[PDB]
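Working notes for the structure below.
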């Protein structure tokens, strides 16, 4: 007669906080003779992966995964791990809408600290700086200027914008 | 009757001094038939990792890890290792606040030695030198200039800054 033991509940790990829409590698303990199953539900009815250290994509929230290790036919009580999501960085700060005259200077800047900046605009204006180069106020430069922010972890902020209206010079 | 030995306390190693917020690979001795567990606490109640040479992220202080090697069911007395953190490089030196006139020269420099420098400023001024190129004193260049320092190990300093005010030329 062979009475098999039940493997103990395994450890499970995430890959740290993840940017919304990013991915995470989940991982567990190597068990000789084992097969693995990762489930999305606490009821273990939705199967997500069968490897040992699978990568789960498109994580947009604080999702929980459950792990069952089966050895020689006996299944352990599921272990678990959660993947926390780094929150959304705060909306960037920009100046109020401008009115400038043709030939003067359009000066854009922000006051927020970031790993990096990303500015776009009407005449191809592009910058990755806190204080982008000054744009001559040509009429072609009228329009909407847009700013987004990359955080230290790297996760992007939602964008904000500035209108600039260049008046023809008499 | 089989009386199993208790494995001896294992060695454990860090990856040298680490920059604050960096990571370290911890490592230990390969033991045949062993399973591994790394703990954050001296009481061995918080489990950190189960591999042999795990990487621990976001180390911001002089953290200590404890290692238990279990062979054929018998657990050793925990070994340990610490990860020391390279201290924060000293605040950089910059000149006192400037008053310049439109059309003259804005000269920025530092007196501190570094692996590299990183300067930013009002009109897109960017430099990685101890003594950045001289900026013409245009009115668009008024504002705050900021310096940070990269140490030899590579760990960044806290920043310091200089105000420059360009007066209109009569």
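All Cβ positions, even for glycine, are placed from backbone atoms using ideal geometry, and neighbour counts span all protein chains on display. A short reminder: the numbers here are calculations on the coordinates, not readings from a lab.
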Filtering region A:75-85 down to residues that are more than 22 Å from residue A:23 (Cβ to Cβ) and in a strand (DSSP E or B) yields A:75
Within region B:161-170, of all residues that are touching a residue at least 60 places away in the same chain (Cβ under 8 Å) and surrounded by fewer than 17 Cβ atoms within 10 Å (Cβ to Cβ), the one nearest to residue B:101 (Cα to Cα) is B:167
* Would it be correct to say that residue B:4 is touching a strand residue (DSSP E or B) at 6+ places or on another chain (Cβ under 9 Å), assigned to a strand (DSSP E or B), in contact (Cβ under 8 Å) with a residue 24 or more places away in the chain and surrounded by fewer than 13 Cβ atoms within 10 Å (Cβ to Cβ)? -> no
TODO: Please tell me if residue B:83 is away from chain A (no Cβ under 14 Å), within 30 Å of the chain's Cα centre (by Cα) and surrounded by 13 or more Cβ atoms within 10 Å (Cβ to Cβ).
DONE: yes
Per the filter on region A:117-150, residues more than 14 Å from chain B (Cβ to nearest Cβ) and within 22 Å of the chain's Cα centre (by Cα) are A:118, A:120, A:146, A:147, A:148, A:149, A:150
Among residues of region A:92-116 being more than 21 Å from the chain's Cα centre (by Cα) and assigned to a strand (DSSP E or B), the residue farthest from the other protein chains (Cβ to nearest Cβ) is A:99
If we ask which residues in region B:126-142 are surrounded by fewer than 19 Cβ atoms within 10 Å (Cβ to Cβ) and in a strand (DSSP E or B), their number turns out to be 3
Just one listed residue, out of A:146, A:110, A:120, is within 17 Å of residue B:142 (Cβ to Cβ) and in contact (Cβ under 8 Å) with a residue 12 or more places away in the chain, and it is A:110
In region A:101-121, anything under 13 Å from residue A:165 (Cα atoms) and surrounded by fewer than 18 Cβ atoms within 10 Å (Cβ to Cβ) is listed as A:101, A:102, A:103, A:104, A:105
*Does residue B:78 qualify as being farther than 23 Å from residue A:135 by Cβ and either away from chain A (no Cβ under 12 Å) or exposed (fewer than 14 other Cβ atoms within 10 Å of the Cβ) (or both)?*
yes
By residue number, the members of region B:143-158 that are surrounded by fewer than 16 Cβ atoms within 10 Å (Cβ to Cβ) and part of a loop (DSSP other than H, G, I, E, B) are B:152, B:153, B:154, B:158
